[PDB]
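Participant: For the record, the sequence lines run as chains A and B. Residues 97 to 120, 130 to 194 in the authors' numbering are what the first sequence lists, from first letter to last. Residues 97 to 122, 128 to 187, 191 to 194 in the authors' numbering are what the second sequence lists, from first letter to last.
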Amino acid sequence: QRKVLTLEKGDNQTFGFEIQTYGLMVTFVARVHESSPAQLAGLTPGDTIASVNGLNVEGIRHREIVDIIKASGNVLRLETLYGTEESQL
Amino acid sequence: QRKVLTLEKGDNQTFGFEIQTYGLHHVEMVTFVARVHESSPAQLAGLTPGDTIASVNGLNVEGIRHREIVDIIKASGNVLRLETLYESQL
């Protein structure tokens, strides 16, 4: 049971988050900046992205998944499986 | 890909790095190397951030949780041996 959400960004600004892909390939949100688009949007560290704009990303190569995200322009659509960053409270 | 590295440091000092552990889904735990302080054994050893710590002193730390990695590192004293796996803003 995932949780979808869409991010709105300014033209010259960025969504404000970073991500990390990892083999065993899987990618999650490693960090979110304050007052960022992703923060407001409610993106959380530890959270896995199952698919961007339908396009299921579960597996893809970093560089590859990166493009799609960047290529999405100033509006992004995400469905995520909750994750957690241990230092977080 | 496993990049081995070994650090040594003294009583009243620290290896110089910080870690982050994520509990993921597809719960899988994963530990990365966060900050790596300047003038630190970790630096000299060439450890680099973003790396996935897969092995600590010969024990496998994947799937293991933060405080366990943290305990295993504390158990060996002034010497530490890591095996790391050889990140983009949006």
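Beta carbons are placed, not taken as given, at the ideal position from N, Cα and C, and that holds for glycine.
(1) Looking at the secondary structure, which residues open and close the alpha helix (DSSP H) in which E163 of chain A lies?
(2) Pick out whichever of B:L160, B:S156, B:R166, B:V180 has its Cα sitting closest to the Cα of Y187 of chain B.
(3) Less than 8 Å separating the beta-carbons of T110 of chain B and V131 of chain B?
(4) How would you write the range of the beta strand (DSSP E) that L120 of chain B sits in, first residue to last?
(5) Identify each residue in the stretch 164–190 of chain A for which the Cβ-Cβ distance to at least one residue of chain B is less than 8 Å, and report them in chain order.
(6) Given a cut-off of 8 Å, decide if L181 of chain A and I174 of chain A are closer than it, judged by their beta-carbon atoms.
(7) In the DSSP assignment, what are the bridge partners of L145 of chain A?
(8) With DSSP as the reference, please indicate the residues paired to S156 of chain A in a beta bridge.
(9) Between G106 of chain A and chain B, is the shortest Cβ-Cβ distance under 8 Å, so that the two count as touching?
(10) How many Å lie between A143 of chain B and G164 of chain A at the Cα?
(11) Give the range of the beta strand (DSSP E) segment to which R136 of chain B is assigned.
(12) In chain B, which residues lie less than 8 Å from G151 of chain A when you measure between Cβ atoms?
Facilitator: Inspection of the coordinates gives the following:
(1) Segment: none, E163 of chain A is in no alpha helix (DSSP H) and carries neither H nor E.
(2) B:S156
(3) no
(4) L120 of chain B -> beta strand (DSSP E) spans 113–120.
(5) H167, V171, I174, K175, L186, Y187, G188, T189, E190
(6) Closer than 8 Å, so yes.
(7) According to DSSP, which records beta bridges pairwise, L145 of chain A is partnered with nothing at all.
(8) A:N161, A:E184
(9) no
(10) 32 Å
(11) 129–137
(12) Within chain B, the residues placing a beta-carbon under 8 Å from that of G151 of chain A are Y118, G119, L120, ordered along the chain.
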